[PDB]
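*Asks:* One structure is given below, represented as structure tokens, and several questions about it will come after.
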Amino acid sequence: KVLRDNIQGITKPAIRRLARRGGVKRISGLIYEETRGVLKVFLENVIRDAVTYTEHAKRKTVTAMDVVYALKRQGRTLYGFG
Amino acid sequence: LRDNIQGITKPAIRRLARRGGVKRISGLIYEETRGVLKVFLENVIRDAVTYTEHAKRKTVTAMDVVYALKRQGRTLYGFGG
Amino acid sequence: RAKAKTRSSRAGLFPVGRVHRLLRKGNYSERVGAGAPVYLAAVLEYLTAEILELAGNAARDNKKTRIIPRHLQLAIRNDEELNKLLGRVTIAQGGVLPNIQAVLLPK
Amino acid sequence: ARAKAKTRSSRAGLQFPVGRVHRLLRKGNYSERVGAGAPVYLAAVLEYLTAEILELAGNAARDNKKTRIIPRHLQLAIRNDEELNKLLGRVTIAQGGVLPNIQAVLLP
Amino acid sequence: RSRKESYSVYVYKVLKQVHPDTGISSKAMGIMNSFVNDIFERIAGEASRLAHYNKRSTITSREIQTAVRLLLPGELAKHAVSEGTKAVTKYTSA
Amino acid sequence: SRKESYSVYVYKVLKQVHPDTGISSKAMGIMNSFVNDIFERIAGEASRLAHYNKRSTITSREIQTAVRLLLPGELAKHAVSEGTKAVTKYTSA
Amino acid sequence: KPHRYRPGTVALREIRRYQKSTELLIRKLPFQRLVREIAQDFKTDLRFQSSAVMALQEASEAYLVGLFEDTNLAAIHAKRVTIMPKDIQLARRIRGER
Amino acid sequence: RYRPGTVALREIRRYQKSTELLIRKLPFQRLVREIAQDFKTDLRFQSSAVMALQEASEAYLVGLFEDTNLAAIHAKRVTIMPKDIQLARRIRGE
DNA sequence: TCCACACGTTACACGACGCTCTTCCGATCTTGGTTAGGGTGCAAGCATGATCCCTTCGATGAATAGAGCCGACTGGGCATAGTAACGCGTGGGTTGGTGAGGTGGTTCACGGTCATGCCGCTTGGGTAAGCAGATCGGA
DNA sequence: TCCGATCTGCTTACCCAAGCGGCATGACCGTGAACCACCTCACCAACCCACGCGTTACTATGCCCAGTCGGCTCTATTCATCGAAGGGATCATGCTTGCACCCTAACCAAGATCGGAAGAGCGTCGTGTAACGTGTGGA
């Protein structure tokens, strides 16, 4: 299973919901692609750190604690998963 | 020592902004900036003093200030190591 | 031997033996004194009691007798000291706080 | 010590001290034990980073017709390299000045 | 089949001391455990750095008190310092 | 006291790269501060990595993974290559 | 003669609704597939714990919500209520992420 | 007589090319000693400590002014205002 | 022209060498558990299209206040000397934290099991937005 | 007459509140047991405390001129208002696909067991590094 072009799965309504939770009243139509790119960059960084943490342990499954450690490295601690 | 905050004169703020790439300056940003500056100091110095009070010292050494700055995520290179 | 009362009861507190063991096998110092575990356990217990009291108050204001992540987020972000302490912390299923900028409100 | 003392820094072909790094790793309280290849790797990485910064600083100093690296040249070298700037992003270099960047909007 | 120690027994005794008629969900339990572990790590690291900067090889009550003063802001630091001092005094009183 | 610093090693590296370029005392102090900061960063990350896997020894693997985590992009790749070269030259007598 | 709400009202209602709630806003399966695709450039045939993908989604949504808050503030600073890519770029520039 | 802005750019170029301190030594030293009077009375300061404090404060102020100018340009202006400083400090994390 | 740097020289202390001893790491095997993939149903949230409003951008003009120039003035920095507050080192004592061996108390885990807190669903009402209609200030 | 506000008076979606399943979800008992915190004696080394001494931080004095402070001009910049148009909001339809849920087989994480390599720790020592002194050249 090779996956391709799944960044478009972060649909326009999902970005609208995220903005509404952020307290946004109006949304420019060209901000969805920018938000998708920002999300892709953030996910790339966090997932790369998580994969590094996983492969240091000679593992093949990315656990939740690897993601927690990666997020702690980024400076954004996450509470709820360990 | 009384009211030494006004020692950060308007030309000093202008020079700091010029180094920051600021072309024009509103007249009300001086009395604001000073306050901000004081707040910054009111943090860093405090931590420095704590680092002194733990060591049973009186003089605030440069390493106390370096550690205080490193605490707040602003590392300073050149002073004390 | 003796009756062997725990240190967590001698100090009147949270575990003191477990905190001491973590301080030892956490590679923080070559030696760990006998006042470090007690002080650290007391501080942790105070912080936990504060955050739990605020979360329970939020739950009571929400008419629910069970603290959930949303209540913890509300308690943490509604206080100033806790929001300064845990500003850089994400809470799973905690949501955000209902604030809206005054400009967006209808005229 | 019947045999001649061959420093471990010469064995690895480095300039930075591996013995000093090993002692710092041991007495710095990072773990119960430290491997033999950890000081060597750390010294090699430190030497590479120092060589990179010094090469860029020397280039900056030569660009300014100077034959002596000063903190200003170090700041110029750090800020002009994307990787080094990202690495040393939070640090401030004493007497390093500021990169001469003026926003194009303010220009006439 | 492995012991998983956590601060779940102790943040429920504290909860029953503070609010004797209020439970707590499993997700909130995990969040509380994460918070306690994070604060423990922060205080312990600050105390370790304080002991290393002074060329010391012990973590006494002074290092923990200074760490609490450094991290906890405002009235939280004062109250936590008072609580820790009171607990230490009770411990050395018996 | 006998205070230790990386001044002599930084000077050796500078003479290796730039044969006829000096370095100021303040610049050398800044270089020493940078070296100490990076040393402490990599050592702390290696310690955290070793503790996460319930290990007890910082071997070269922990240092390499800490280098991969800290240094960005091509810096990490080149530092990993240089460290591997040095460690594989050290174990061969 | 249908009843049509004036623009900006349903937006405010949705703001209140999505700030009063705590659930995840991105669909779970598309985000999981996106995460798995992103993790393909770092290691082949990787496996993901369900909790790992859930934590990634929580962190991503929290980061995006904070970024949208900063973007809304930067847009209101420019005397506008419509948030544009300029506001996102400015928010990420001031925060220190670009 | 240069038009308003011609000398401002010259000052910007001069103060970005140079690297010396911009706040005077003595007023800043008095400010630091006055601020440190609410934390510990009869407190002495090293010269290097005051110098380091001045470098840190000026670097922070220059970075803040860069962010403030970015915010002011974002709002279709060249004159930076206290609202720009407040927005920069809010977005940064203060 | 000069004051910060790059060549000596000493001397001492700490990294290297050798050996012991204990303790992790790699190879190997075994076993449960835990994802990836596949399959079906469905319903609801997404995509698309119509309609239309009101936000933002460009133009224009007032107004305003900050930049530039200039005269007065005055305190920061440099030079000098003086004095003691205190930081660092040193030596002797000391006390308390580690280590090892038992030994029961704490705590985690698996299984109900049981109130039971909360959610889904339905019903009902408070509520504020929205558009058509009557009226009212002056012109 | 007349025009834009200004109530005012229905409609009308929307959300919050209350009550009845009904359920899955914490709290707790019940073992059960594996763990590890507590008790006690040796001990030795990190720490404490008094004393010495030399940095070095603070103080006072003199001055002088480059920096600062205040005012005057005025012009570039900022702010207020208008038009508008098109970019985005809102809503109705159709349907794609994510969500619910069960099987499987592969695959991998975790635990046990040699057993051999590897790191701490002991004692010696002899180079490397820092600490100082002094010429000398880069800014």
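Going by the structure tokens order, chains are called A, B, ..., each with residues numbered from 1, while ligands are numbered from 1 in the order shown.
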Within 9 Å of chain J, which residues of chain G show up when using only C-alpha atoms (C1' of nucleotides), listed as number ranges by chain?
*Replies:* G: 3-8, 10-11, 27-30
*Asks:* Take the residues that were just selected and, keeping N, CA and C atoms, output them as a PDB file, in the first residue's frame.
*Replies:*
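Ended up saving to selection.pdb:
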ATOM      1  N   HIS G   3     -36.102  31.660   4.567  1.00  0.00           N
ATOM      2  CA  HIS G   3     -35.428  32.468   5.577  1.00  0.00           C
ATOM      3  C   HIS G   3     -33.924  32.277   5.422  1.00  0.00           C
ATOM      4  N   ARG G   4     -33.225  33.348   5.059  1.00  0.00           N
ATOM      5  CA  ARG G   4     -31.786  33.321   4.836  1.00  0.00           C
ATOM      6  C   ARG G   4     -31.105  34.192   5.881  1.00  0.00           C
ATOM      7  N   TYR G   5     -30.148  33.613   6.599  1.00  0.00           N
ATOM      8  CA  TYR G   5     -29.391  34.367   7.584  1.00  0.00           C
ATOM      9  C   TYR G   5     -28.439  35.339   6.898  1.00  0.00           C
ATOM     10  N   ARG G   6     -28.288  36.513   7.497  1.00  0.00           N
ATOM     11  CA  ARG G   6     -27.337  37.482   6.982  1.00  0.00           C
ATOM     12  C   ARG G   6     -25.912  36.977   7.189  1.00  0.00           C
ATOM     13  N   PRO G   7     -25.000  37.298   6.272  1.00  0.00           N
ATOM     14  CA  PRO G   7     -23.623  36.808   6.398  1.00  0.00           C
ATOM     15  C   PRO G   7     -22.975  37.266   7.695  1.00  0.00           C
ATOM     16  N   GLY G   8     -22.171  36.379   8.278  1.00  0.00           N
ATOM     17  CA  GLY G   8     -21.482  36.647   9.519  1.00  0.00           C
ATOM     18  C   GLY G   8     -22.184  36.140  10.761  1.00  0.00           C
ATOM     19  N   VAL G  10     -24.078  32.988  11.017  1.00  0.00           N
ATOM     20  CA  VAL G  10     -23.789  31.564  11.140  1.00  0.00           C
ATOM     21  C   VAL G  10     -22.320  31.345  11.463  1.00  0.00           C
ATOM     22  N   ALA G  11     -21.445  32.237  10.993  1.00  0.00           N
ATOM     23  CA  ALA G  11     -20.037  32.147  11.363  1.00  0.00           C
ATOM     24  C   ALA G  11     -19.849  32.327  12.863  1.00  0.00           C
ATOM     25  N   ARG G  27     -11.154  14.908  10.055  1.00  0.00           N
ATOM     26  CA  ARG G  27     -11.606  13.530   9.929  1.00  0.00           C
ATOM     27  C   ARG G  27     -10.457  12.574  10.225  1.00  0.00           C
ATOM     28  N   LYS G  28     -10.768  11.487  10.932  1.00  0.00           N
ATOM     29  CA  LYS G  28      -9.718  10.630  11.472  1.00  0.00           C
ATOM     30  C   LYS G  28      -9.024   9.826  10.378  1.00  0.00           C
ATOM     31  N   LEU G  29      -9.798   9.206   9.479  1.00  0.00           N
ATOM     32  CA  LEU G  29      -9.187   8.374   8.441  1.00  0.00           C
ATOM     33  C   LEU G  29      -8.339   9.177   7.461  1.00  0.00           C
ATOM     34  N   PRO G  30      -8.803  10.305   6.901  1.00  0.00           N
ATOM     35  CA  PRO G  30      -7.913  11.079   6.019  1.00  0.00           C
ATOM     36  C   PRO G  30      -6.646  11.553   6.705  1.00  0.00           C
TER      37      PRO G  30
END
*Asks:* Using only C-alpha atoms, select each residue of chain D with any atom at most 8 Å away from an atom of chain C, and give the selection as a ChimeraX atom specification.
*Replies:* /D:29-32
*Asks:* Could the residues in this selection be saved with N, CA, C and O atoms as a short mmCIF file (atom, residue, chain, number, x, y, z; two decimals), in the first residue's frame?
*Replies:*
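Output file result-v1.cif is given in full below:
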data_model
loop_
_atom_site.label_atom_id
_atom_site.label_comp_id
_atom_site.auth_asym_id
_atom_site.auth_seq_id
_atom_site.Cartn_x
_atom_site.Cartn_y
_atom_site.Cartn_z
N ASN D 29 27.18 13.69 35.00
CA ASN D 29 25.98 12.98 35.45
C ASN D 29 24.93 12.90 34.34
O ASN D 29 23.82 13.41 34.47
N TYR D 30 25.31 12.24 33.25
CA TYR D 30 24.37 11.95 32.17
C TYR D 30 23.89 10.51 32.18
O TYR D 30 22.74 10.24 31.81
N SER D 31 24.73 9.57 32.60
CA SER D 31 24.34 8.17 32.74
C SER D 31 25.28 7.47 33.70
O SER D 31 26.30 8.03 34.12
N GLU D 32 24.91 6.25 34.07
CA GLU D 32 25.74 5.42 34.94
C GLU D 32 27.06 5.07 34.27
O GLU D 32 28.12 5.09 34.91
#
*Asks:* Residues of chain F in strand (DSSP E) according to DSSP, as a PyMOL selection string?
*Replies:* chain F and resi 22-23+57-58
*Asks:* Residues as selected, C-alpha atoms, written as a PDB file, in the first residue's frame, can you do that?
*Replies:*
ATOM      1  CA  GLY F  22      43.906  34.891  13.741  1.00  0.00           C
ATOM      2  CA  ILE F  23      41.038  35.023  16.203  1.00  0.00           C
ATOM      3  CA  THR F  57      25.331   3.382  28.742  1.00  0.00           C
ATOM      4  CA  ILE F  58      25.697   6.306  26.355  1.00  0.00           C
TER       5      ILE F  58
END
*Asks:* Do you know which residues are at most 10 Å from segment 46-63 of chain B counting only C-alpha atoms (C1' of nucleotides), after dropping those on the same chain fewer than 5 positions away, and could you put them as a PyMOL selection string?
*Replies:* (chain B and resi 40-41+68-69+71-72+79-81) or (chain E and resi 50-51+53-54+62-63+65-67+69-71) or (chain H and resi 35-36+38-53) or (chain I and resi 85-87) or (chain J and resi 57)
*Asks:* Tell me, as a PyMOL selection string, which residues lie within 12 Å of residue 4 of chain J, counting only C-alpha atoms (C1' of nucleotides); anything in the same chain fewer than 4 positions away does not count.
*Replies:* chain I and resi 136-139
*Asks:* Could you give me, as number ranges by chain, each residue of chain E that DSSP assigns to helix (DSSP H, G or I) when run on this structure's backbone?
*Replies:* E: 10-18, 26-53, 61-71, 75-93
*Asks:* Once you count only C-alpha atoms, which residues of chain D turn out to be within 6 Å of chain H? Could you give them as an NGL selection string?
*Replies:* :D and (95 or 97-98 or 100)
*Asks:* Output C-alpha atoms for every residue in the selection just made, as a PDB file, in the first residue's frame.
*Replies:*
ATOM      1  CA  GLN D  95      28.964  42.452  20.203  1.00  0.00           C
ATOM      2  CA  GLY D  97      25.585  43.368  15.701  1.00  0.00           C
ATOM      3  CA  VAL D  98      22.619  42.823  13.392  1.00  0.00           C
ATOM      4  CA  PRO D 100      21.961  44.684   7.485  1.00  0.00           C
TER       5      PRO D 100
END
*Asks:* Which neighbours of residue 68 of chain A fall inside 8 Å, counting only C-alpha atoms (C1' of nucleotides), when residues of the same chain fewer than 5 positions from it are skipped, and could you give them as a list in words?
*Replies:*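 Within the cut-off, the hits are residues 77, 78, 81 and 82 of chain A; 55 of chain G.
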*Asks:* The selected residues should be written to file as a PDB file, in the first residue's frame (atoms: N, CA, C and O atoms).
*Replies:*
ATOM      1  N   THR A  77       4.747  20.406  24.717  1.00  0.00           N
ATOM      2  CA  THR A  77       4.437  19.209  25.484  1.00  0.00           C
ATOM      3  C   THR A  77       2.975  18.822  25.297  1.00  0.00           C
ATOM      4  O   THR A  77       2.095  19.675  25.160  1.00  0.00           O
ATOM      5  N   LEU A  78       2.719  17.517  25.282  1.00  0.00           N
ATOM      6  CA  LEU A  78       1.381  16.975  25.099  1.00  0.00           C
ATOM      7  C   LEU A  78       1.001  16.148  26.317  1.00  0.00           C
ATOM      8  O   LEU A  78       1.752  15.258  26.727  1.00  0.00           O
ATOM      9  N   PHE A  81      -1.295  11.186  26.711  1.00  0.00           N
ATOM     10  CA  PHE A  81      -0.846   9.933  26.126  1.00  0.00           C
ATOM     11  C   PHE A  81       0.400   9.365  26.792  1.00  0.00           C
ATOM     12  O   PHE A  81       0.922   8.347  26.324  1.00  0.00           O
ATOM     13  N   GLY A  82       0.884   9.981  27.864  1.00  0.00           N
ATOM     14  CA  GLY A  82       2.039   9.471  28.578  1.00  0.00           C
ATOM     15  C   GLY A  82       3.099  10.518  28.852  1.00  0.00           C
ATOM     16  O   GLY A  82       3.968  10.325  29.701  1.00  0.00           O
TER      17      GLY A  82
ATOM     18  N   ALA G  55      -2.412  10.955  18.996  1.00  0.00           N
ATOM     19  CA  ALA G  55      -1.598  12.023  19.568  1.00  0.00           C
ATOM     20  C   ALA G  55      -1.134  12.996  18.494  1.00  0.00           C
ATOM     21  O   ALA G  55      -1.119  14.214  18.712  1.00  0.00           O
TER      22      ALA G  55
END
*Asks:* Which chain A residues are at most 9 Å from chain C (counting only C-alpha atoms), as a PyMOL selection string?
*Replies:* chain A and resi 21-25+75-81
*Asks:* Need to verify the contact set: segment 128-138 of chain J, 9 Å, only C-alpha atoms (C1' of nucleotides), exclusion of same-chain residues closer than 3 positions in sequence. Can you return it as a ChimeraX atom specification?
*Replies:* /D:66-68 /F:2-4,8 /I:5-9
*Asks:* Residues of chain G that approach chain C to 9 Å or less, counting only C-alpha atoms: could you list each one with the shortest pair of atoms and its distance in Å to one decimal, rows by chain and increasing residue number, as a Markdown table?
*Replies:*
| residue | atom | partner | partner_atom | distance |
| --- | --- | --- | --- | --- |
| G:8 | CA | C:106 | CA | 8.3 |
| G:9 | CA | C:106 | CA | 8.1 |
| G:12 | CA | C:105 | CA | 7.9 |
| G:15 | CA | C:100 | CA | 8.0 |
| G:16 | CA | C:98 | CA | 6.7 |
| G:18 | CA | C:95 | CA | 8.7 |
| G:19 | CA | C:98 | CA | 5.1 |
| G:20 | CA | C:98 | CA | 6.2 |
| G:21 | CA | C:95 | CA | 6.5 |
| G:22 | CA | C:95 | CA | 4.3 |
| G:23 | CA | C:93 | CA | 6.4 |
| G:24 | CA | C:93 | CA | 7.7 |
| G:55 | CA | C:92 | CA | 7.8 |
| G:58 | CA | C:92 | CA | 6.2 |
| G:59 | CA | C:90 | CA | 7.2 |
| G:62 | CA | C:90 | CA | 7.1 |
| G:63 | CA | C:90 | CA | 8.9 |
| G:65 | CA | C:96 | CA | 8.6 |
| G:72 | CA | C:101 | CA | 8.8 |
| G:73 | CA | C:101 | CA | 8.4 |
| G:76 | CA | C:103 | CA | 7.7 |
| G:81 | CA | C:104 | CA | 6.9 |
*Asks:* Residues within 12 Å of residue 74 of chain J, please, as a list in words. Count only C-alpha atoms (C1' of nucleotides); anything in the same chain fewer than 3 positions from it doesn't count.
*Replies:*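 So, after excluding close chain neighbours, the residues are residues 1, 3 and 4 of chain H; 64, 65, 66, 67, 68 and 69 of chain I.
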*Asks:* Using only C-alpha atoms (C1' of nucleotides), which of F:34, F:11, F:90, F:39 sits nearest chain I?
*Replies:*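 Counting only C-alpha atoms (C1' of nucleotides), the residue closest to chain I is F:11.
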*Asks:* Could you list, as a PyMOL selection string, every residue of chain B that has an atom within 7 Å of an atom of chain H, counting only C-alpha atoms?
*Replies:* chain B and resi 1+4-5+7-8+12+15-26+28-29+32+42+45-46+58-62+65+79
*Asks:* Of the residues I:125, I:96, I:111, I:26, which is the one nearest to chain E, using only C-alpha atoms (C1' of nucleotides)?
*Replies:*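 Checking each candidate against chain E, we get I:96 as the closest.
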*Asks:* Sorted by chain and rising residue number, which residues of chain E lie within 9 Å of chain J, and what are their closest atom pairs and distances in Å to one decimal, counting only C-alpha atoms (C1' of nucleotides), as CSV?
*Replies:*
residue,atom,partner,partner_atom,distance
E:1,CA,J:110,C1',8.9
E:3,CA,J:35,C1',8.6
E:23,CA,J:26,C1',7.8
E:24,CA,J:26,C1',7.9
E:25,CA,J:26,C1',7.1
E:26,CA,J:26,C1',8.1
E:56,CA,J:46,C1',8.4
E:57,CA,J:46,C1',7.6
E:58,CA,J:46,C1',8.4
*Asks:* Using only N, CA and C atoms, please write the residues we just selected to a file, as a PDB file, in the first residue's frame.
*Replies:*
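Printed below is part34.pdb as written:
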ATOM      1  N   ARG E   1       2.330  -7.984  31.107  1.00  0.00           N
ATOM      2  CA  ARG E   1       2.917  -8.546  32.318  1.00  0.00           C
ATOM      3  C   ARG E   1       4.135  -7.735  32.753  1.00  0.00           C
ATOM      4  N   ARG E   3       4.948  -4.271  35.709  1.00  0.00           N
ATOM      5  CA  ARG E   3       4.455  -3.215  36.580  1.00  0.00           C
ATOM      6  C   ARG E   3       4.583  -1.861  35.897  1.00  0.00           C
ATOM      7  N   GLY E  23     -15.526  12.490  41.408  1.00  0.00           N
ATOM      8  CA  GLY E  23     -14.657  11.515  40.788  1.00  0.00           C
ATOM      9  C   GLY E  23     -13.772  12.136  39.725  1.00  0.00           C
ATOM     10  N   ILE E  24     -13.094  11.266  38.981  1.00  0.00           N
ATOM     11  CA  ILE E  24     -12.197  11.715  37.921  1.00  0.00           C
ATOM     12  C   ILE E  24     -12.090  10.621  36.866  1.00  0.00           C
ATOM     13  N   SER E  25     -12.163  11.007  35.595  1.00  0.00           N
ATOM     14  CA  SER E  25     -12.153  10.043  34.507  1.00  0.00           C
ATOM     15  C   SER E  25     -10.736   9.555  34.224  1.00  0.00           C
ATOM     16  N   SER E  26     -10.649   8.484  33.431  1.00  0.00           N
ATOM     17  CA  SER E  26      -9.354   7.883  33.130  1.00  0.00           C
ATOM     18  C   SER E  26      -8.477   8.820  32.310  1.00  0.00           C
ATOM     19  N   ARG E  56      28.549  20.944  43.377  1.00  0.00           N
ATOM     20  CA  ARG E  56      28.014  20.122  44.448  1.00  0.00           C
ATOM     21  C   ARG E  56      27.521  18.797  43.884  1.00  0.00           C
ATOM     22  N   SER E  57      27.550  17.767  44.726  1.00  0.00           N
ATOM     23  CA  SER E  57      27.129  16.429  44.335  1.00  0.00           C
ATOM     24  C   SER E  57      25.970  15.934  45.192  1.00  0.00           C
ATOM     25  N   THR E  58      25.147  16.852  45.693  1.00  0.00           N
ATOM     26  CA  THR E  58      23.958  16.498  46.452  1.00  0.00           C
ATOM     27  C   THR E  58      22.805  17.387  46.020  1.00  0.00           C
TER      28      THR E  58
END
*Asks:* Can I get the residues of chain A within 10 Å of chain I, each with the closest pair of atoms and their distance in Å to one decimal, using only C-alpha atoms (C1' of nucleotides), sorted chain first then ascending number, as a Markdown table?
*Replies:*
| residue | atom | partner | partner_atom | distance |
| --- | --- | --- | --- | --- |
| A:1 | CA | I:37 | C1' | 9.4 |
| A:11 | CA | I:46 | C1' | 8.2 |
| A:12 | CA | I:46 | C1' | 8.9 |
| A:13 | CA | I:46 | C1' | 7.7 |
| A:14 | CA | I:46 | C1' | 9.9 |
| A:26 | CA | I:55 | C1' | 9.9 |
| A:61 | CA | I:35 | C1' | 9.3 |
